[PDB]
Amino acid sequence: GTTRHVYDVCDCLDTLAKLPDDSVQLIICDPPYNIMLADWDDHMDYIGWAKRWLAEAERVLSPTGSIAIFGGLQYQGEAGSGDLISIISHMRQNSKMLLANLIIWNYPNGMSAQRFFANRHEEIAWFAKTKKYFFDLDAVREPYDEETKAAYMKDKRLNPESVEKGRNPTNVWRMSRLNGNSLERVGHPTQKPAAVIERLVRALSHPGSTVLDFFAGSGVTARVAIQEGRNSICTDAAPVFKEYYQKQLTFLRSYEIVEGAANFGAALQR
């Protein structure tokens, strides 16, 4: 079972336009939260732009597919920008997708603050295309230690099978962000840690399915896809993305890498 991975440098809408309906199982989405100067030629706000790829994202997702959207809740009101709430409010009015979960990524370290509570969180909005979305909870359960696992086993009030499988990790994930010394770092300023992406890939996609990321950034999605046995399509508008993607590979089982949007199909084949 060899997996295929395609990558390229191009705009997110050009990527989405080349993918057929219901062909992707999971989309990893960590988008820019501000439009470009030139975007003022056709839009008057952030959602005017974002709604285009949000609609395409839903179109390419299969009936059992999902999209995980990273974002914060600190939008300051600047024209042309927004946050995760801007997207959620838009989705509530115009999309039939279901918000399966609003996950809180609670990281340990951060900047200090004297005039407010120091920020230690980022959100992940998990939208499912339909009520029949795929979910592999057991693949992400957190096991109990032998001592606790034995303590619950003796409690006949509890189902032993549930004890054996582990606990639901909940919708609050306490995971560290990458540090300036991390081995995963490739140079991208907002690089996401593999651990967070791994949990999303394991729980929201099945082995051999396609994971898509059109704001690929560091290319961490491809590295995780490969390690987890999924196929992937990763694109980014920045030329430097190719360099990052190649670096992710060095960090790395049968898989094939293919460059070029003309080859997206290689990663869509089941």
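Sequential numbering from 1, following the sequence displayed.
Participant: Hey, how big is the hole between residue 252 and residue 253 in terms of deposited residues without coordinates: none, 1 to 3, 4 to 9, or 10 or more?
Facilitator: In the record, 4 to 9 residues between residue 252 and residue 253 lack coordinates.
Participant: Look up the CA B-factors in the entry and say which stretch, 165-173 or 145-153, has the higher mean.
Facilitator: Looking at the record's C-alpha B-factors, the answer is 145-153.
Participant: Averaging C-alpha B-factors over each stretch, which comes out higher, 127-135 or 176-184?
Facilitator: Going by the record's values, the stretch with the higher mean is 176-184.
Participant: Checking the entry, which one of 50, 37, 226, 211 has the top C-alpha B factor?
Facilitator: Comparing C-alpha B-factors across 50, 37, 226, 211, the top value belongs to 37.
Participant: Based on what the PDB entry reports, which of 118, 158, 104, 100 has the top C-alpha B-factor?
Facilitator: Out of 118, 158, 104, 100, the record gives the largest C-alpha B-factor to 158.
Participant: Against its chain's modelled residues, does residue 94's Cα B factor rank lowest, middle or highest third?
Facilitator: Middle third by C-alpha B-factor.
Participant: State the tercile, meaning the lowest, middle or highest third, of residue 59 with respect to the CA B-factors recorded for its chain.
Facilitator: Lowest third - that is where residue 59 ends up once the chain's C-alpha B-factors are sorted.
Participant: Looking at the entry's B-factor column for C-alpha atoms only, identify whether residue 82 ranks in the lowest, middle or highest third of its chain.
Facilitator: Its C-alpha B-factor belongs to the lowest third of this chain's values.
Participant: Lowest, middle or highest third of the chain for the C-alpha temperature factor of residue 70?
Facilitator: CA B-factor rank for residue 70: lowest third.
Participant: Divide the modelled residues of the chain into thirds by Cα B-factor and specify which third, lowest, middle or highest, holds residue 200.
Facilitator: It falls in the bottom third of the chain.
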